[PDB]
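> The number in PDB author numbering is simply the position in the sequence shown, starting from 1, with 2 added. Virtual Cβ for every residue (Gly too), placed ideally from N, Cα, C.
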Amino acid sequence: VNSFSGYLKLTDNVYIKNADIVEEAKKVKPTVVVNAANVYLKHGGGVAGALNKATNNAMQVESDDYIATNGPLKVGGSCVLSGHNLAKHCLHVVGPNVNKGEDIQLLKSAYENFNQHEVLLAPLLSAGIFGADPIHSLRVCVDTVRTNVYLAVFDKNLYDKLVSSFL
Ligand SMILES: O=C1CC[C@@H](c2ccccc2)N1Nc1ncnc2[nH]cc(Cl)c12
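What follows is the structure, given as structure tokens:
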């Protein structure tokens with residue numbers, strides 16, 4: 003039993019809710035919150051901008067030191083950093099951005115990073131301003147992640163479109 007509440011169960015291990023991941027994180031303080039990152043960990047907008055703002059820019063400061071030491075992530079890759087005031091850890095995961103030209107086959111690889119963590123609070127990867135179809139993304143998530151994932155979908159209209167159509 004964990005402290006998440008109000009989620010619709012999609013499968014044995016995937017749950018979904020119409021919520022802001024930032025507010026969910028502040029309420030639950032999960033072990034792992036997933037950021038929808040880019041390879042540079044430049045947290046400008048979307049989920050990343052919102053999470054970083056909630057940390058008072060501490061996420062960005064930590065991220066810049068990470069990149070200065072290690073260089074950029076791979077598309078489809080991830081790194082574990084601090085969760086600051088929002089969670090124990092933040093798993094920064096890079097889904098492909100098709101508005102940048104990135105290969106959507108890499109979305110499965112991105113979701114595979116979730117399997118290294120027993121429980122996660124996450125957004126849909128590559129959706130929103132990353133330009134991919136959120137219905138597709140949800141399907142890849144369900145077909146790839148085997149650990150317990152709690153998905154927060156902020157957009158109400160999209161959320162309604164997703165659950166009622168989830169096969
Ligand atoms: O509604 C959706 C579906 C796709 C995803 C998205 C991911 C990357 C960039 C833009 C959007 N998204 N946004 C969020 N999901 C949960 N919490 C959130 N807090 C603030 C925002 Cl934006 C947000």
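Under 8 Å by Cβ, that's how I've got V95 and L53 pegged, so tell me the actual separation to the nearest angstrom.
The residue given as residue 95 occupies position 93 in the sequence shown. The residue given as residue 53 occupies position 51 in the sequence shown. The Cβ separation is near 12 Å, so there is no contact.
> For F132 versus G48, is the C-beta distance shorter than 9 Å?
Along the sequence shown, one-based indexing puts residue 132 at 130. Along the sequence shown, one-based indexing puts residue 48 at 46. Taking 9 Å as the Cβ cut-off, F132 and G48 qualify as a contacting pair.
> Would you please state the rounded distance, in angstroms, between the beta carbons of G78 and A112? I believe it to be under 8 Å.
Translated into positions along the sequence shown, residue 78 becomes position 76. Translated into positions along the sequence shown, residue 112 becomes position 110. At roughly 5 Å, the Cβ-Cβ gap stays under 8 Å, so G78 and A112 are in contact.
> For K76, collect the residues of the same chain with a Cβ closer than 8 Å to its Cβ; drop the 5 residues on either side in sequence, then sort them by chain order.
For the purposes of this step, residue 76 is identified with residue 74 of the sequence shown, where counting begins at 1. Only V41 and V96 meet the Cβ criterion.
> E26 and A154 look like a contact to me (Cβ under 8 Å); what is the Cβ gap, rounded to whole Å?
The residue given as residue 26 occupies position 24 in the sequence shown. The residue given as residue 154 occupies position 152 in the sequence shown. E26 to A154, Cβ: 5 Å. Contact.
> Which residues count as close to ligand 1 when the rule is a CB under 5 Å from any of its heavy atoms, in chain order?
Taking each Cβ in turn, the ones that pass are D22, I23, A38, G48, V49, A52, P125, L126, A129, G130, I131, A154, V155, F156 and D157.
> Look at the alpha carbon of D22 and the alpha carbon of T146, and state the distance between them as a whole number of angstroms.
Translated into the one-based positions of the sequence shown, residue 22 becomes position 20. Translated into the one-based positions of the sequence shown, residue 146 becomes position 144. C-alpha separation (whole angstroms): 23 Å.
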